[PDB]
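Shown next: work_19.cif, given as mmCIF, C-alpha atoms.
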```
data_protein
loop_
_atom_site.label_atom_id
_atom_site.label_comp_id
_atom_site.auth_asym_id
_atom_site.auth_seq_id
_atom_site.Cartn_x
_atom_site.Cartn_y
_atom_site.Cartn_z
CA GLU A 73 149.27 133.04 158.84
CA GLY A 74 151.77 135.19 156.85
CA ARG A 75 152.24 133.92 153.26
CA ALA A 76 152.07 135.77 149.89
CA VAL A 77 149.07 133.64 148.82
CA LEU A 78 147.45 131.95 151.85
CA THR A 79 144.16 131.03 150.01
CA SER A 80 141.23 129.05 151.59
CA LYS A 81 141.84 130.67 155.02
CA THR A 82 143.84 133.89 154.90
CA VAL A 83 141.75 136.40 156.72
CA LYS A 84 139.85 133.51 158.08
CA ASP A 85 143.24 132.71 159.52
CA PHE A 86 144.27 136.16 160.59
CA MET A 87 140.68 136.59 161.75
CA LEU A 88 141.11 133.42 163.74
CA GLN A 89 144.50 134.66 165.03
CA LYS A 90 142.78 137.88 166.01
CA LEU A 91 139.92 135.85 167.47
CA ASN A 92 142.42 133.85 169.53
CA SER A 93 144.31 136.98 170.45
CA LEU A 94 141.01 138.76 171.05
CA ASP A 95 140.52 136.34 173.98
CA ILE A 96 136.84 137.10 174.23
CA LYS A 97 136.91 135.04 177.45
CA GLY A 98 140.10 136.31 179.02
CA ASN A 99 138.59 139.76 178.85
CA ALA A 100 135.27 138.34 180.10
CA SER A 101 137.43 136.93 182.94
CA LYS A 102 139.54 140.06 183.62
CA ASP A 103 136.74 142.43 182.68
CA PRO A 104 133.44 141.69 184.38
CA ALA A 105 132.03 144.43 182.13
CA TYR A 106 133.61 142.96 179.10
CA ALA A 107 131.93 139.69 180.05
CA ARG A 108 128.55 141.48 180.22
CA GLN A 109 129.13 142.91 176.73
CA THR A 110 130.69 139.69 175.40
CA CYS A 111 128.32 137.12 176.98
CA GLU A 112 125.06 138.81 176.06
CA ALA A 113 126.34 140.48 172.88
CA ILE A 114 127.86 137.20 171.55
CA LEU A 115 124.54 135.45 171.45
CA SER A 116 123.07 138.84 170.66
CA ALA A 117 125.64 138.88 167.83
CA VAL A 118 124.19 135.70 166.44
CA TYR A 119 120.87 137.22 167.27
CA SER A 120 121.87 140.26 165.24
CA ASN A 121 123.66 138.19 162.58
CA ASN A 122 120.41 136.34 162.41
CA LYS A 123 118.63 139.59 161.92
CA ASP A 124 121.38 140.49 159.46
CA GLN A 125 121.78 137.20 157.68
CA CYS A 126 118.05 136.37 157.66
CA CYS A 127 116.99 139.96 156.86
CA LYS A 128 119.75 140.10 154.17
CA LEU A 129 117.90 137.69 151.88
CA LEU A 130 114.56 138.61 153.47
CA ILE A 131 114.88 142.26 152.51
CA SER A 132 115.05 140.82 148.99
CA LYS A 133 111.63 139.12 149.23
CA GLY A 134 110.27 142.18 151.06
CA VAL A 135 109.40 140.03 154.07
CA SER A 136 109.33 141.02 157.75
CA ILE A 137 112.27 140.01 159.96
CA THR A 138 110.71 141.78 163.00
CA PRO A 139 108.63 138.71 163.78
CA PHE A 140 111.79 136.65 163.33
CA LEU A 141 113.76 139.24 165.31
CA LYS A 142 111.06 138.72 167.95
CA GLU A 143 112.01 135.02 167.94
CA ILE A 144 115.79 135.46 168.20
CA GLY A 145 114.91 138.14 170.82
CA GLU A 146 113.23 135.23 172.66
CA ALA A 147 116.38 133.31 172.76
CA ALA A 148 117.96 136.74 173.36
CA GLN A 149 115.54 137.19 176.26
CA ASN A 150 115.79 133.67 177.61
CA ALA A 151 119.60 133.72 177.08
CA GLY A 152 119.86 136.74 179.46
CA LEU A 153 120.51 139.59 176.94
CA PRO A 154 117.65 142.12 177.07
CA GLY A 155 117.62 145.80 175.98
CA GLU A 156 114.91 146.58 173.38
CA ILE A 157 111.23 145.83 172.97
CA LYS A 158 108.21 147.15 171.00
CA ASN A 159 104.82 145.87 169.64
CA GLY A 160 105.25 142.34 171.12
CA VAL A 161 108.85 142.33 169.92
CA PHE A 162 112.11 142.46 171.87
CA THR A 163 115.86 142.72 171.19
CA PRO A 164 119.02 142.20 173.28
CA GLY A 165 120.90 145.29 174.60
CA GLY A 166 124.06 144.97 172.43
CA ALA A 167 121.99 144.18 169.28
CA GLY A 168 124.52 145.98 167.07
CA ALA A 169 126.79 144.29 164.50
CA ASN A 170 128.73 142.01 166.98
CA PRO A 171 131.24 143.64 169.37
CA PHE A 172 133.99 141.16 168.39
CA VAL A 173 133.25 140.59 164.67
CA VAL A 174 132.93 144.37 163.98
CA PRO A 175 136.62 145.06 164.81
CA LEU A 176 137.56 141.52 163.87
CA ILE A 177 136.16 142.21 160.42
CA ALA A 178 137.25 145.88 160.68
CA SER A 179 140.80 144.67 161.20
CA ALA A 180 140.56 142.36 158.19
CA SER A 181 138.89 145.23 156.25
CA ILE A 182 141.88 147.34 157.23
CA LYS A 183 144.27 144.40 156.85
CA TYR A 184 142.79 142.53 153.89
CA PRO A 185 141.76 145.13 151.32
CA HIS A 186 142.13 142.39 148.67
CA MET A 187 139.54 140.07 150.22
CA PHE A 188 137.30 142.94 151.42
CA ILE A 189 137.47 144.88 148.07
CA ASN A 190 134.05 143.53 146.94
CA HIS A 191 131.08 145.01 148.76
CA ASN A 192 129.64 141.45 149.09
CA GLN A 193 132.89 140.00 150.57
CA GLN A 194 133.37 141.77 153.95
CA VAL A 195 129.69 141.20 154.81
CA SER A 196 130.14 137.46 154.19
CA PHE A 197 133.52 137.67 155.92
CA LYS A 198 131.82 138.53 159.22
CA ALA A 199 129.44 135.60 158.67
CA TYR A 200 132.07 132.91 159.23
CA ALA A 201 133.76 135.41 161.60
CA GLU A 202 130.74 135.13 163.94
CA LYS A 203 131.00 131.31 163.70
CA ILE A 204 134.60 131.34 165.07
CA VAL A 205 134.00 133.50 168.14
CA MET A 206 131.47 130.78 169.06
CA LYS A 207 134.62 128.79 170.02
CA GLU A 208 135.89 131.73 172.05
CA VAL A 209 132.53 132.86 173.45
CA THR A 210 131.36 129.24 174.20
CA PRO A 211 133.34 129.24 177.49
CA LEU A 212 131.63 132.43 178.75
CA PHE A 213 128.44 130.38 178.58
CA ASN A 214 130.00 127.72 180.85
CA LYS A 215 130.45 129.87 184.02
CA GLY A 216 126.62 130.17 184.38
CA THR A 217 123.33 128.98 182.78
CA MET A 218 123.82 130.60 179.38
CA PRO A 219 123.31 128.71 176.09
CA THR A 220 126.34 128.06 173.87
CA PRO A 221 126.82 130.03 170.70
CA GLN A 222 126.15 126.94 168.62
CA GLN A 223 123.12 125.80 170.64
CA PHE A 224 121.81 129.37 170.69
CA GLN A 225 122.93 130.15 167.11
CA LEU A 226 121.23 127.04 165.78
CA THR A 227 118.02 127.88 167.69
CA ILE A 228 118.44 131.42 166.27
CA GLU A 229 119.54 130.34 162.83
CA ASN A 230 116.57 128.08 163.00
CA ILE A 231 114.43 131.23 162.92
CA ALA A 232 116.68 132.81 160.30
CA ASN A 233 116.51 129.61 158.32
CA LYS A 234 112.76 129.42 158.96
CA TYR A 235 112.34 132.92 157.60
CA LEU A 236 115.18 132.16 155.18
CA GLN A 237 113.30 129.72 153.02
CA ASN A 238 109.70 131.10 152.90
CA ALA A 239 108.75 129.55 149.52
CA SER A 240 111.88 131.18 147.97
#
```

In structure tokens, what does this structure look like?
Amino acid sequence: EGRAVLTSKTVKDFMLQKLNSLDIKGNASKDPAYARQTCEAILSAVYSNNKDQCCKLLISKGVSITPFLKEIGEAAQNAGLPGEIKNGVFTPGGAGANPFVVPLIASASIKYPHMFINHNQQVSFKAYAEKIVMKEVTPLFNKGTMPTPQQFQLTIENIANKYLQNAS
């Protein structure tokens, strides 16, 4: 959108416009490499967001997300995105901070200084930013046997949410 107030969904909107114009699938369709980095890294993004979102509150309890990372790495292994592994733990190749949300949020961090001013706002910004690409990435999971972002995210979130609670 382009208003002097926007509210409710401003970046969310420009993030969605970027998301739409990011055509995570069109590039996965024109770029067979892009698809490799956008099909495995999308669910590895949720994987990583899981390790980011779950570990975010978990690092506050002083827990251990590695075992949970091991679980999203399962989904990340079973989903077809491998790359890291250690003491009975594994992680998907592109287990960074999301290849689409990074610049998607980087754009909004560059674009929306107002909404990204608070250190705890751009981190949460990428949280619903990963939820939108699931509409763009979903279709890359249709041309094969890959899980959807929502089916995989829920199964992942389910381990973030499982580690999330933990008494408190």

Given the point (117.4, 140.2, 172.7) in the coordinates of this file, which residues lie within 6 Å, counting only C-alpha atoms, and how would they look as an mmCIF file with C-alpha atoms, keeping the file's coordinate frame?
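Output contents, as saved in selection_39.cif:
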```cif
data_model
loop_
_atom_site.group_PDB
_atom_site.id
_atom_site.type_symbol
_atom_site.label_atom_id
_atom_site.label_comp_id
_atom_site.auth_asym_id
_atom_site.auth_seq_id
_atom_site.Cartn_x
_atom_site.Cartn_y
_atom_site.Cartn_z
ATOM 1 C CA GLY A 145 114.910 138.140 170.820
ATOM 2 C CA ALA A 148 117.960 136.740 173.360
ATOM 3 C CA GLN A 149 115.540 137.190 176.260
ATOM 4 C CA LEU A 153 120.510 139.590 176.940
ATOM 5 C CA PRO A 154 117.650 142.120 177.070
ATOM 6 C CA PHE A 162 112.110 142.460 171.870
ATOM 7 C CA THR A 163 115.860 142.720 171.190
ATOM 8 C CA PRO A 164 119.020 142.200 173.280
#
```

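Remark: for residue 187 in chain A, the closest of the candidate residues A:82, A:98, A:239, A:89 is A:82 (distances computed over only C-alpha atoms).
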
Would you kindly return, as a PyMOL selection string, each protein, DNA or RNA residue with an atom no farther than 8 Å from any atom of range 165-176 of chain A, considering only C-alpha atoms and excluding same-chain residues fewer than 4 positions away?
-> chain A and resi 87+90-91+94+96+109-110+112-114+116-121+153-156+180+198+201-202+205

What do you get, as a VMD selection string, if you spell out every residue that the PyMOL selection byres ((chain A and resi 208-211) around 6) selects here?
-> chain A and resid 96 205 to 207 212 to 214 220 to 221

Suppose we keep C-alpha atoms; can you now write the selection as a compact mmCIF listing (two decimals), in the coordinates of the input?
```txt
# COMPACT_ATOMS: atom_id res chain seq x y z
CA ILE A 96 136.84 137.10 174.23
CA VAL A 205 134.00 133.50 168.14
CA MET A 206 131.47 130.78 169.06
CA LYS A 207 134.62 128.79 170.02
CA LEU A 212 131.63 132.43 178.75
CA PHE A 213 128.44 130.38 178.58
CA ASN A 214 130.00 127.72 180.85
CA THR A 220 126.34 128.06 173.87
CA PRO A 221 126.82 130.03 170.70
```

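Our summary of the geometry notes that CA of residue 85 in chain A is positioned 25.5 Å from CA of residue 102 in chain A.
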
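Between CA of residue 236 in chain A and CA of residue 126 in chain A there is a distance of 5.7 Å.
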
Å distance separating CA of residue 193 in chain A from CA of residue 178 in chain A, one decimal place = 12.5 Å

For residue 122 in chain A, the closest of A:88, A:218, A:189, A:144 counting all atoms listed in the file is A:144

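Using only C-alpha atoms, the shortest contact distance between residue 222 in chain A and any of A:143, A:115, A:194, A:100 is found at A:115.
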
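Considering only C-alpha atoms, the residue among A:192, A:240, A:150, A:179 positioned nearest to residue 224 in chain A is A:150.
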
Take range 191-223 of chain A, model N, CA and C atoms, and hand the result over as a compact mmCIF listing (two decimals), in the coordinates of the input.
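Dumped to rebuild13.txt:
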```txt
# COMPACT_ATOMS: atom_id res chain seq x y z
N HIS A 191 132.10 144.64 147.75
CA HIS A 191 131.08 145.01 148.76
C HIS A 191 130.40 143.74 149.34
N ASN A 192 130.29 142.69 148.57
CA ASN A 192 129.64 141.45 149.09
C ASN A 192 130.67 140.47 149.70
N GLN A 193 131.87 140.92 149.99
CA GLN A 193 132.89 140.00 150.57
C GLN A 193 133.10 140.25 152.07
N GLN A 194 133.17 141.49 152.49
CA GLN A 194 133.37 141.77 153.95
C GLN A 194 132.10 141.44 154.74
N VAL A 195 130.96 141.56 154.12
CA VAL A 195 129.69 141.20 154.81
C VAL A 195 129.68 139.68 155.03
N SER A 196 130.09 138.94 154.03
CA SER A 196 130.14 137.46 154.19
C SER A 196 131.32 137.10 155.08
N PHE A 197 132.33 137.93 155.07
CA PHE A 197 133.52 137.67 155.92
C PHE A 197 133.11 137.60 157.39
N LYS A 198 132.28 138.51 157.80
CA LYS A 198 131.82 138.53 159.22
C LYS A 198 130.88 137.36 159.49
N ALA A 199 130.38 136.74 158.46
CA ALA A 199 129.44 135.60 158.67
C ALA A 199 130.20 134.41 159.24
N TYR A 200 131.30 134.03 158.64
CA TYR A 200 132.07 132.91 159.23
C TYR A 200 132.91 133.48 160.39
N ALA A 201 133.02 134.80 160.47
CA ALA A 201 133.76 135.41 161.60
C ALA A 201 132.90 135.26 162.87
N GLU A 202 131.60 135.32 162.74
CA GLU A 202 130.74 135.13 163.94
C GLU A 202 130.78 133.64 164.36
N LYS A 203 130.95 132.77 163.40
CA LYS A 203 131.00 131.31 163.70
C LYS A 203 132.28 130.93 164.48
N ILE A 204 133.35 131.68 164.34
CA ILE A 204 134.60 131.34 165.07
C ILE A 204 134.53 131.81 166.51
N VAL A 205 134.10 133.02 166.74
CA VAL A 205 134.00 133.50 168.14
C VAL A 205 133.17 132.51 168.95
N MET A 206 132.28 131.79 168.31
CA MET A 206 131.47 130.78 169.06
C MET A 206 132.41 129.76 169.75
N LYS A 207 133.66 129.70 169.34
CA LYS A 207 134.62 128.79 170.02
C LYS A 207 135.23 129.57 171.17
N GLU A 208 135.33 130.86 170.99
CA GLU A 208 135.89 131.73 172.05
C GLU A 208 134.79 132.12 173.03
N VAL A 209 133.65 132.49 172.54
CA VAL A 209 132.53 132.86 173.45
C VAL A 209 131.93 131.63 174.17
N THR A 210 131.96 130.47 173.55
CA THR A 210 131.36 129.24 174.20
C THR A 210 131.68 129.17 175.71
N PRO A 211 132.93 129.32 176.06
CA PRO A 211 133.34 129.24 177.49
C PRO A 211 132.69 130.30 178.38
N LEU A 212 132.30 131.44 177.86
CA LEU A 212 131.63 132.43 178.75
C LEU A 212 130.24 131.91 179.09
N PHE A 213 129.78 130.97 178.31
CA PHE A 213 128.44 130.38 178.58
C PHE A 213 128.58 129.16 179.50
N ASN A 214 129.78 128.88 179.95
CA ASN A 214 130.00 127.72 180.85
C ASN A 214 129.95 128.17 182.32
N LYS A 215 130.45 129.35 182.60
CA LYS A 215 130.45 129.87 184.02
C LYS A 215 129.05 130.33 184.48
N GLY A 216 127.99 129.76 183.95
CA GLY A 216 126.62 130.17 184.38
C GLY A 216 125.56 129.26 183.74
N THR A 217 124.42 129.80 183.42
CA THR A 217 123.33 128.98 182.78
C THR A 217 123.01 129.51 181.38
N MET A 218 124.00 130.04 180.74
CA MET A 218 123.82 130.60 179.38
C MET A 218 123.95 129.49 178.31
N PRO A 219 123.26 129.68 177.21
CA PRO A 219 123.31 128.71 176.09
C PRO A 219 124.64 128.87 175.36
N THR A 220 125.07 127.89 174.62
CA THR A 220 126.34 128.06 173.87
C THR A 220 126.02 128.83 172.61
N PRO A 221 127.03 129.28 171.95
CA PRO A 221 126.82 130.03 170.70
C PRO A 221 126.20 129.11 169.68
N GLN A 222 126.69 127.91 169.60
CA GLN A 222 126.15 126.94 168.62
C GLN A 222 124.74 126.48 168.98
N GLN A 223 124.49 126.22 170.23
CA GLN A 223 123.12 125.80 170.64
C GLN A 223 122.18 126.99 170.47
```
